[PDB]
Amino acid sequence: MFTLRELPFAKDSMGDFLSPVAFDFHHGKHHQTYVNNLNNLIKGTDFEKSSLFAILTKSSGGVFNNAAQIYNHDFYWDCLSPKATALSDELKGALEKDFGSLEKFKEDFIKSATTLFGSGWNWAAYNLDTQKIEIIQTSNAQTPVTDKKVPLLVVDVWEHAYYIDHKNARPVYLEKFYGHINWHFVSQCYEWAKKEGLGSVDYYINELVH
């Protein structure tokens, strides 16, 4: 049984992007609800004492939906920062190699998050076999982790993530999101994806959050 993580920044620290109320609802209610739903669903089952990483990579159905949503949001929050941070030279190099330039990566990342139809998530994930960074869009609760890929960056595109401050204007929301990307954290994720592979995710969930 898990507990909702603390937001890694103050609710009023990103006024050009999300408002305190947006956070109250997204984190305080939606995220909270996924935590409570998982706890209630695993009670008396094979996962009642399993780690989130365990449940995430092994479960399915509702248990998965909730487990994954808890992970996706936790990851999403860490991808955000009040103030801009710099990219590690390795991440920068990797992005320019796999995308041509940082500007092209942005363009590709945003366009992909713009066209994702219905509820979902838009990721930048490290492929272990290809050793390349891919821009992947997943629907509803899915996450690249179940495809053996390591999340480096993600933006929530479920409408509840931006309707309060932006209504239907997802593009504006995306542009504001990009400006607040916690490159420092994206850099960490990359470095460890290369060193521990999918194991870095395990560590993240268990040693960095839950």
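One rule holds for the numbers: they count along the sequence shown, beginning at 1.
*Asks:* Looking at the entry, does 25 to 33 or 146 to 154 show the higher mean C-alpha B-factor?
*Replies:* The recorded data point to 146 to 154.
*Asks:* Check the entry's C-alpha temperature factors for 161 to 169 and 34 to 42, then say which stretch has the higher mean.
*Replies:* The stretch with the larger mean CA B-factor is 34 to 42.
*Asks:* Among the candidates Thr85, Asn140, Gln137, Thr114, give the one with the maximum CA B-factor reported in the record.
*Replies:* Comparing C-alpha B-factors across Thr85, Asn140, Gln137, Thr114, the top value belongs to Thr85.
*Asks:* Would you mind finding, among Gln131, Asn122, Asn72, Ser81, the residue with the largest C-alpha temperature factor in the entry?
*Replies:* Among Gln131, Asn122, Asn72, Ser81, the highest C-alpha B-factor in the entry belongs to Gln131.
*Asks:* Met14's Cα B-factor: lowest, middle or highest third of the chain?
*Replies:* Within its chain, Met14 is a middle-third residue by C-alpha B-factor, going by the deposited values.
*Asks:* Using only modelled residues of the chain, where does the Cα B factor of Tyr178 rank: lowest third, middle third or highest third?
*Replies:* CA B-factor rank for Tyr178: lowest third.
*Asks:* Would you mind checking where the Cα B-factor of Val63 ranks among the modelled residues of its chain, as the lowest, middle or highest third?
*Replies:* Its C-alpha B-factor, which the entry lists for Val63, ranks in the middle third among residues of this chain.
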